[PDB]
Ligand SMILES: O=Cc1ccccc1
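In the block that follows, a single chain appears as structure tokens, in the form deposited without benzaldehyde (HBX).
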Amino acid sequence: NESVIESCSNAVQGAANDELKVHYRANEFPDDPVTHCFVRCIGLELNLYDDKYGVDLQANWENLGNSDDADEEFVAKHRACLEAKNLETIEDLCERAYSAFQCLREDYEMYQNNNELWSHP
């Protein structure tokens, strides 16, 4: 939502940038250090993500336009994707969050073009 985008742009060094914020409002998140931290911030603020517990797959399922329990294959597929990214070995917390969310890119893009289950318990 608008509020979280604005607050995260202030919380993250470099993120209060006109050009970057045009991307963010368009659900476009480039692979750069500022955006890494921005994506982490949004994930934390919306409780979609946690540095320790990773991606809340149920919260993300709900953020993809659903109100029910996540499909089992959605949970399985993303648990496996996230495990394959060896997130615990990524020292930079922003890079870690950005890498984690790459697993859900296809889902968010499909949802956008149409309009707890922590991965690391």
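Numbering starts at 1 and follows the sequence shown.
In this entry, the higher average B-factor at the C-alpha atoms falls on 51 to 59, of the pair 33 to 41 and 51 to 59. For the pair 94 to 102 and 14 to 22, the mean B factor over Cα atoms is greater in 14 to 22. Ranked by Cα temperature factor within the chain, residue 117 sits in the highest third according to the deposited record. Among all modelled residues in its chain, residue 4 ranks in the middle third by Cα B-factor.
Ranked against the other modelled residues of its chain, the C-alpha B-factor of residue 28 as given in the entry falls in the highest third. Among all modelled residues in this chain, the alpha-carbon of residue 64 has a temperature factor (C-alpha) in the highest third. Sort the modelled residues of the chain by CA B factor and residue 72 lands in the lowest third.
As for the form solved in complex with benzaldehyde (HBX), it is not shown, yet the points below apply to it.
Proximity of residue 48 to benzaldehyde (HBX) in the entry with it bound falls within the 4.5 Å heavy atom cutoff. Benzaldehyde (HBX) in the entry with it bound is not approached by residue 24, whose heavy atoms all lie more than 4.5 angstroms from it. Along 53 to 72, a non-hydrogen atom within 4.5 Å of benzaldehyde (HBX) in the entry with it bound is carried by 55, 60, in order along the sequence.
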